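*Asks:* This is the structure, below, for whatever I ask next.
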Amino acid sequence: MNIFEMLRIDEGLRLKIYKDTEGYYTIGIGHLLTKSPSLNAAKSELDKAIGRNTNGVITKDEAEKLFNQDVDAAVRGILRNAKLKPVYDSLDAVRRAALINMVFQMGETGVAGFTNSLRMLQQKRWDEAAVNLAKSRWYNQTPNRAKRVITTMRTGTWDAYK
Ligand SMILES: [Cl-]
Ligand SMILES: [Cl-]
């Protein structure tokens with residue numbers, strides 16, 4: 001299992017613009033298009049992102065390209081972040097995948113905001129971090145996916161995904 005396969009499980013794959021859990025216009029593999037209520041602002045963003053007139057639909061390939069850019073951006077964001085970088089450096093390979101997952105879903109700013117949990121992770125206090133991470137809107141809004149991520153963080157194995 002790797003970060004790509006992990007995220008592909010968590011986000012799914014959709015070739016047509018759709019609304020995410022929060023109601024935002026998304027496409028492909030968890031690629032947020034816009035927080036604007038306009039399906040037209042979404043189509044516009046989509047066309048800009050793809051470099052062609054899509055009329056709200058893309059191919060597998062296109063979705064995969066967005067996905068590759070997104071994980072890359074996710075990783076570079078972590079490494080550029082003064083709050084996140086140290087945590088990441090301190091982690092093993094599995095846990096790193098878990099933080100990348102969170103960052104992809106909630107943005108760098110968002111994760112950087114979980115001050116307490118980041119401190120616990122850095123101290124390798126796994127169980128406690130797991131407990132604190134669950135006290136969040138994130139967890140309450142998307143409980144099954146959050147539990148999977150949190151389990152990966154607590155254990156350092158890919159069990160939740162197998
Ligand atoms: Cl883009
Ligand atoms: Cl969920």
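Order determines the names: the first chain of the structure tokens is A, the second B, and so forth; residues in each chain are numbered 1 upward, and ligands are numbered 1 upward as they are shown.
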Could you name the residues that touch residue 35 in chain A at 10 Å or less, counting only C-alpha atoms, but leaving out those on the same chain fewer than 6 positions away, as a ChimeraX atom specification?
*Replies:* /A:19,22-26,41-42
*Asks:* Where does range 2-38 of chain A meet range 83-106 of chain A within 8 Å, residue by residue, with the nearest atom pair and distance in Å to one decimal for each, counting only C-alpha atoms, listed by chain and rising number, as a tab-separated table?
*Replies:*
```
residue	atom	partner	partner_atom	distance
A:2	CA	A:97	CA	7.3
A:3	CA	A:97	CA	5.4
A:7	CA	A:101	CA	6.7
A:30	CA	A:105	CA	7.8
```
*Asks:* Write the selection just made, keeping N, CA and C atoms, as a PDB file, in the first residue's frame?
*Replies:*
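Final output, saved to result.pdb:
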```pdb
ATOM      1  N   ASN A   2       0.495   2.239  -0.638  1.00  0.00           N
ATOM      2  CA  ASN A   2       1.223   3.512  -0.743  1.00  0.00           C
ATOM      3  C   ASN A   2       0.216   4.665  -0.649  1.00  0.00           C
ATOM      4  N   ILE A   3       0.701   5.883  -0.521  1.00  0.00           N
ATOM      5  CA  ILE A   3      -0.097   7.104  -0.452  1.00  0.00           C
ATOM      6  C   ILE A   3      -1.124   7.233  -1.618  1.00  0.00           C
ATOM      7  N   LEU A   7      -5.075   7.149  -0.860  1.00  0.00           N
ATOM      8  CA  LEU A   7      -5.993   8.259  -1.182  1.00  0.00           C
ATOM      9  C   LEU A   7      -7.066   7.880  -2.215  1.00  0.00           C
ATOM     10  N   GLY A  30     -10.841  13.488  -5.510  1.00  0.00           N
ATOM     11  CA  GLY A  30     -10.835  14.444  -4.431  1.00  0.00           C
ATOM     12  C   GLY A  30     -10.277  15.808  -4.852  1.00  0.00           C
TER      13      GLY A  30
END
```
*Asks:* Calculated over only C-alpha atoms and all ligand atoms, which of the candidates A:34, A:21, A:54, A:81 has the smallest distance to ligand 1?
*Replies:*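 Closest candidate: A:34.
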*Asks:* DSSP on the backbone, then: every residue of range 49-115 of chain A marked alpha helix (DSSP H), written as a VMD selection string.
*Replies:* chain A and resid 49 to 50 60 to 80 84 to 90 93 to 112 115
*Asks:* Which distance in Å separates CA of residue 60 in chain A and CA of residue 28 in chain A, to one decimal?
*Replies:*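 Straight-line distance from CA of residue 60 in chain A to CA of residue 28 in chain A works out to 7.7 Å.
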*Asks:* Restrict the calculation to only C-alpha atoms and all ligand atoms, then for each residue of chain A with any atom at most 10 Å from an atom of ligand 2 give the closest atom pair and their distance in Å to one decimal, rows by chain and rising residue number, as JSON lines.
*Replies:*
```
{"residue": "A:10", "atom": "CA", "partner": "ligand 2", "partner_atom_place_in_ligand_line": "1 (Cl)", "distance": 8.2}
{"residue": "A:11", "atom": "CA", "partner": "ligand 2", "partner_atom_place_in_ligand_line": "1 (Cl)", "distance": 9.6}
{"residue": "A:21", "atom": "CA", "partner": "ligand 2", "partner_atom_place_in_ligand_line": "1 (Cl)", "distance": 8.8}
{"residue": "A:138", "atom": "CA", "partner": "ligand 2", "partner_atom_place_in_ligand_line": "1 (Cl)", "distance": 9.3}
{"residue": "A:139", "atom": "CA", "partner": "ligand 2", "partner_atom_place_in_ligand_line": "1 (Cl)", "distance": 8.2}
{"residue": "A:140", "atom": "CA", "partner": "ligand 2", "partner_atom_place_in_ligand_line": "1 (Cl)", "distance": 8.8}
{"residue": "A:141", "atom": "CA", "partner": "ligand 2", "partner_atom_place_in_ligand_line": "1 (Cl)", "distance": 7.2}
{"residue": "A:142", "atom": "CA", "partner": "ligand 2", "partner_atom_place_in_ligand_line": "1 (Cl)", "distance": 3.5}
{"residue": "A:143", "atom": "CA", "partner": "ligand 2", "partner_atom_place_in_ligand_line": "1 (Cl)", "distance": 4.5}
{"residue": "A:144", "atom": "CA", "partner": "ligand 2", "partner_atom_place_in_ligand_line": "1 (Cl)", "distance": 3.8}
{"residue": "A:145", "atom": "CA", "partner": "ligand 2", "partner_atom_place_in_ligand_line": "1 (Cl)", "distance": 4.2}
{"residue": "A:146", "atom": "CA", "partner": "ligand 2", "partner_atom_place_in_ligand_line": "1 (Cl)", "distance": 6.5}
{"residue": "A:147", "atom": "CA", "partner": "ligand 2", "partner_atom_place_in_ligand_line": "1 (Cl)", "distance": 8.1}
{"residue": "A:148", "atom": "CA", "partner": "ligand 2", "partner_atom_place_in_ligand_line": "1 (Cl)", "distance": 8.9}
```
*Asks:* Could you turn the residues from that selection into a file that holds C-alpha atoms, as an mmCIF file, in the first residue's frame?
*Replies:*
```
data_model
loop_
_atom_site.group_PDB
_atom_site.id
_atom_site.type_symbol
_atom_site.label_atom_id
_atom_site.label_comp_id
_atom_site.auth_asym_id
_atom_site.auth_seq_id
_atom_site.Cartn_x
_atom_site.Cartn_y
_atom_site.Cartn_z
ATOM 1 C CA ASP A 10 -10.487 7.402 0.582
ATOM 2 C CA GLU A 11 -11.551 9.774 -2.170
ATOM 3 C CA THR A 21 -19.138 15.928 1.607
ATOM 4 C CA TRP A 138 -13.017 16.435 10.774
ATOM 5 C CA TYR A 139 -13.702 13.283 12.656
ATOM 6 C CA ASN A 140 -17.337 14.146 13.286
ATOM 7 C CA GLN A 141 -17.993 15.044 9.660
ATOM 8 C CA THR A 142 -16.217 12.091 7.926
ATOM 9 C CA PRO A 143 -15.919 9.507 10.677
ATOM 10 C CA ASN A 144 -15.103 6.378 8.620
ATOM 11 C CA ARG A 145 -12.302 7.981 6.663
ATOM 12 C CA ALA A 146 -10.977 9.806 9.741
ATOM 13 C CA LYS A 147 -10.913 6.520 11.711
ATOM 14 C CA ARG A 148 -8.928 4.887 8.981
#
```
*Asks:* Write out as a list in words each polymer residue (protein, DNA or RNA) that has an atom no more than 12 Å from ligand 1, with only C-alpha atoms and all ligand atoms counted.
*Replies:*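 These are the residues that qualify: residues 26, 27, 28, 31, 32, 33, 34, 42, 44, 45, 46, 47, 48, 49, 50, 51, 62, 63, 65, 66, 67, 68, 69, 70, 71, 72 and 73 of chain A.
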*Asks:* Mind the document's chain letters and residue numbers, and return as an MDAnalysis selection string the residues of range 10-58 of chain A that DSSP labels strand (DSSP E or B).
*Replies:* chainID A and resid 14:19 25:28 31:34 57
*Asks:* Those selected residues, please, written with N, CA, C and O atoms and delivered as a PDB file, in the first residue's frame.
*Replies:*
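Saved as again29.pdb:
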```
ATOM      1  N   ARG A  14     -14.235   9.984  -9.700  1.00  0.00           N
ATOM      2  CA  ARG A  14     -15.412  10.444 -10.408  1.00  0.00           C
ATOM      3  C   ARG A  14     -15.020  11.275 -11.590  1.00  0.00           C
ATOM      4  O   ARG A  14     -14.253  12.204 -11.463  1.00  0.00           O
ATOM      5  N   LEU A  15     -15.525  10.896 -12.744  1.00  0.00           N
ATOM      6  CA  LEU A  15     -15.229  11.591 -13.970  1.00  0.00           C
ATOM      7  C   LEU A  15     -16.186  12.751 -14.270  1.00  0.00           C
ATOM      8  O   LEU A  15     -16.042  13.437 -15.287  1.00  0.00           O
ATOM      9  N   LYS A  16     -17.167  12.969 -13.400  1.00  0.00           N
ATOM     10  CA  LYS A  16     -18.109  14.044 -13.641  1.00  0.00           C
ATOM     11  C   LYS A  16     -18.104  14.938 -12.434  1.00  0.00           C
ATOM     12  O   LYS A  16     -17.885  14.419 -11.334  1.00  0.00           O
ATOM     13  N   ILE A  17     -18.258  16.277 -12.630  1.00  0.00           N
ATOM     14  CA  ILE A  17     -18.214  17.194 -11.482  1.00  0.00           C
ATOM     15  C   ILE A  17     -19.215  16.719 -10.485  1.00  0.00           C
ATOM     16  O   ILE A  17     -20.308  16.307 -10.878  1.00  0.00           O
ATOM     17  N   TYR A  18     -18.857  16.773  -9.217  1.00  0.00           N
ATOM     18  CA  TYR A  18     -19.758  16.293  -8.193  1.00  0.00           C
ATOM     19  C   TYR A  18     -19.554  17.133  -7.015  1.00  0.00           C
ATOM     20  O   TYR A  18     -18.670  17.946  -7.050  1.00  0.00           O
ATOM     21  N   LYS A  19     -20.366  16.917  -5.994  1.00  0.00           N
ATOM     22  CA  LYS A  19     -20.262  17.675  -4.779  1.00  0.00           C
ATOM     23  C   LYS A  19     -19.672  16.786  -3.738  1.00  0.00           C
ATOM     24  O   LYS A  19     -20.031  15.620  -3.618  1.00  0.00           O
ATOM     25  N   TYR A  25     -17.938  21.644  -5.178  1.00  0.00           N
ATOM     26  CA  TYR A  25     -17.719  21.139  -6.511  1.00  0.00           C
ATOM     27  C   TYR A  25     -16.320  20.567  -6.605  1.00  0.00           C
ATOM     28  O   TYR A  25     -15.355  21.297  -6.377  1.00  0.00           O
ATOM     29  N   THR A  26     -16.267  19.268  -6.894  1.00  0.00           N
ATOM     30  CA  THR A  26     -15.075  18.457  -7.008  1.00  0.00           C
ATOM     31  C   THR A  26     -15.152  17.639  -8.291  1.00  0.00           C
ATOM     32  O   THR A  26     -16.197  17.474  -8.929  1.00  0.00           O
ATOM     33  N   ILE A  27     -14.027  17.102  -8.676  1.00  0.00           N
ATOM     34  CA  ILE A  27     -13.939  16.202  -9.812  1.00  0.00           C
ATOM     35  C   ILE A  27     -12.771  15.199  -9.555  1.00  0.00           C
ATOM     36  O   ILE A  27     -11.985  15.406  -8.653  1.00  0.00           O
ATOM     37  N   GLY A  28     -12.674  14.110 -10.316  1.00  0.00           N
ATOM     38  CA  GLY A  28     -11.606  13.086 -10.243  1.00  0.00           C
ATOM     39  C   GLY A  28     -11.432  12.438  -8.892  1.00  0.00           C
ATOM     40  O   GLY A  28     -12.370  11.891  -8.359  1.00  0.00           O
ATOM     41  N   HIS A  31     -10.322  16.111  -6.145  1.00  0.00           N
ATOM     42  CA  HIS A  31      -9.797  17.394  -6.562  1.00  0.00           C
ATOM     43  C   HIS A  31     -10.824  18.524  -6.385  1.00  0.00           C
ATOM     44  O   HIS A  31     -11.693  18.704  -7.246  1.00  0.00           O
ATOM     45  N   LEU A  32     -10.731  19.318  -5.312  1.00  0.00           N
ATOM     46  CA  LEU A  32     -11.647  20.436  -5.097  1.00  0.00           C
ATOM     47  C   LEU A  32     -11.592  21.489  -6.217  1.00  0.00           C
ATOM     48  O   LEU A  32     -10.561  21.986  -6.655  1.00  0.00           O
ATOM     49  N   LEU A  33     -12.719  21.799  -6.779  1.00  0.00           N
ATOM     50  CA  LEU A  33     -12.677  22.753  -7.851  1.00  0.00           C
ATOM     51  C   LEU A  33     -12.902  24.169  -7.348  1.00  0.00           C
ATOM     52  O   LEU A  33     -12.167  25.072  -7.723  1.00  0.00           O
ATOM     53  N   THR A  34     -13.944  24.356  -6.534  1.00  0.00           N
ATOM     54  CA  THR A  34     -14.328  25.658  -6.017  1.00  0.00           C
ATOM     55  C   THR A  34     -15.251  25.512  -4.871  1.00  0.00           C
ATOM     56  O   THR A  34     -15.999  24.546  -4.836  1.00  0.00           O
ATOM     57  N   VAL A  57     -16.798  17.156 -17.775  1.00  0.00           N
ATOM     58  CA  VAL A  57     -16.405  15.780 -17.761  1.00  0.00           C
ATOM     59  C   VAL A  57     -14.946  15.606 -18.179  1.00  0.00           C
ATOM     60  O   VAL A  57     -14.468  16.235 -19.107  1.00  0.00           O
TER      61      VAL A  57
END
```
*Asks:* Kindly give the distance, in Å, that separates CA of residue 130 in chain A and CA of residue 1 in chain A, rounded to a single decimal.
*Replies:*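 Between these atoms lies a distance of 21.2 Å.
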*Asks:* Excluding residue 131 in chain A and any residue of its chain fewer than 4 positions from it, enumerate the residues within 12 Å of it, using only C-alpha atoms, and give them as a list in words.
*Replies:*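 Final neighbour list, sorted by chain and number: residues 116, 117, 120, 121, 125, 126, 127, 135, 136, 139, 146, 147, 150, 151, 153 and 154 of chain A.
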*Asks:* Restricting the output to N, CA and C atoms, write the selected residues as a PDB file, in the first residue's frame.
*Replies:*
```pdb
ATOM      1  N   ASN A 116      -1.974  20.631  19.296  1.00  0.00           N
ATOM      2  CA  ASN A 116      -1.781  19.614  20.320  1.00  0.00           C
ATOM      3  C   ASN A 116      -1.406  18.215  19.777  1.00  0.00           C
ATOM      4  N   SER A 117      -2.195  17.721  18.819  1.00  0.00           N
ATOM      5  CA  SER A 117      -1.938  16.416  18.225  1.00  0.00           C
ATOM      6  C   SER A 117      -0.545  16.399  17.593  1.00  0.00           C
ATOM      7  N   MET A 120       1.955  15.771  20.152  1.00  0.00           N
ATOM      8  CA  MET A 120       1.924  14.382  20.599  1.00  0.00           C
ATOM      9  C   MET A 120       2.544  13.452  19.572  1.00  0.00           C
ATOM     10  N   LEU A 121       2.300  13.728  18.295  1.00  0.00           N
ATOM     11  CA  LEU A 121       2.884  12.883  17.298  1.00  0.00           C
ATOM     12  C   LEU A 121       4.410  12.990  17.362  1.00  0.00           C
ATOM     13  N   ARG A 125       3.677   9.839  21.053  1.00  0.00           N
ATOM     14  CA  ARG A 125       2.669   9.371  21.995  1.00  0.00           C
ATOM     15  C   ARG A 125       1.401   9.015  21.168  1.00  0.00           C
ATOM     16  N   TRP A 126       1.471   7.884  20.493  1.00  0.00           N
ATOM     17  CA  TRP A 126       0.465   7.421  19.559  1.00  0.00           C
ATOM     18  C   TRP A 126      -0.976   7.339  20.009  1.00  0.00           C
ATOM     19  N   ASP A 127      -1.219   6.645  21.110  1.00  0.00           N
ATOM     20  CA  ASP A 127      -2.556   6.505  21.639  1.00  0.00           C
ATOM     21  C   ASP A 127      -3.169   7.841  21.990  1.00  0.00           C
ATOM     22  N   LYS A 135     -11.281  14.394  18.464  1.00  0.00           N
ATOM     23  CA  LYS A 135     -11.992  15.567  18.998  1.00  0.00           C
ATOM     24  C   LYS A 135     -11.884  16.703  18.007  1.00  0.00           C
ATOM     25  N   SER A 136     -12.476  16.496  16.860  1.00  0.00           N
ATOM     26  CA  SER A 136     -12.398  17.471  15.804  1.00  0.00           C
ATOM     27  C   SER A 136     -13.647  17.379  14.924  1.00  0.00           C
ATOM     28  N   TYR A 139     -13.303  14.585  12.245  1.00  0.00           N
ATOM     29  CA  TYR A 139     -13.702  13.283  12.656  1.00  0.00           C
ATOM     30  C   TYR A 139     -15.209  13.187  12.676  1.00  0.00           C
ATOM     31  N   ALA A 146     -11.812   9.348   8.652  1.00  0.00           N
ATOM     32  CA  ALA A 146     -10.977   9.806   9.741  1.00  0.00           C
ATOM     33  C   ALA A 146     -10.450   8.637  10.589  1.00  0.00           C
ATOM     34  N   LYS A 147     -11.303   7.676  10.930  1.00  0.00           N
ATOM     35  CA  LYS A 147     -10.913   6.520  11.711  1.00  0.00           C
ATOM     36  C   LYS A 147      -9.821   5.728  11.022  1.00  0.00           C
ATOM     37  N   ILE A 150      -6.578   7.846  11.319  1.00  0.00           N
ATOM     38  CA  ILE A 150      -6.199   7.898  12.703  1.00  0.00           C
ATOM     39  C   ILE A 150      -5.633   6.571  13.148  1.00  0.00           C
ATOM     40  N   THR A 151      -6.168   5.495  12.601  1.00  0.00           N
ATOM     41  CA  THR A 151      -5.659   4.173  12.947  1.00  0.00           C
ATOM     42  C   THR A 151      -4.266   3.985  12.351  1.00  0.00           C
ATOM     43  N   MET A 153      -2.166   6.322  11.888  1.00  0.00           N
ATOM     44  CA  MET A 153      -1.319   7.169  12.704  1.00  0.00           C
ATOM     45  C   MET A 153      -0.935   6.546  14.045  1.00  0.00           C
ATOM     46  N   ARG A 154      -1.910   5.898  14.683  1.00  0.00           N
ATOM     47  CA  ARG A 154      -1.755   5.247  15.971  1.00  0.00           C
ATOM     48  C   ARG A 154      -0.843   4.018  15.889  1.00  0.00           C
TER      49      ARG A 154
END
```
*Asks:* Looking at A:108, A:53, A:157, A:4, which one is nearest to residue 76 in chain A, with distances taken over only C-alpha atoms?
*Replies:*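 The closest residue to residue 76 in chain A is A:108.
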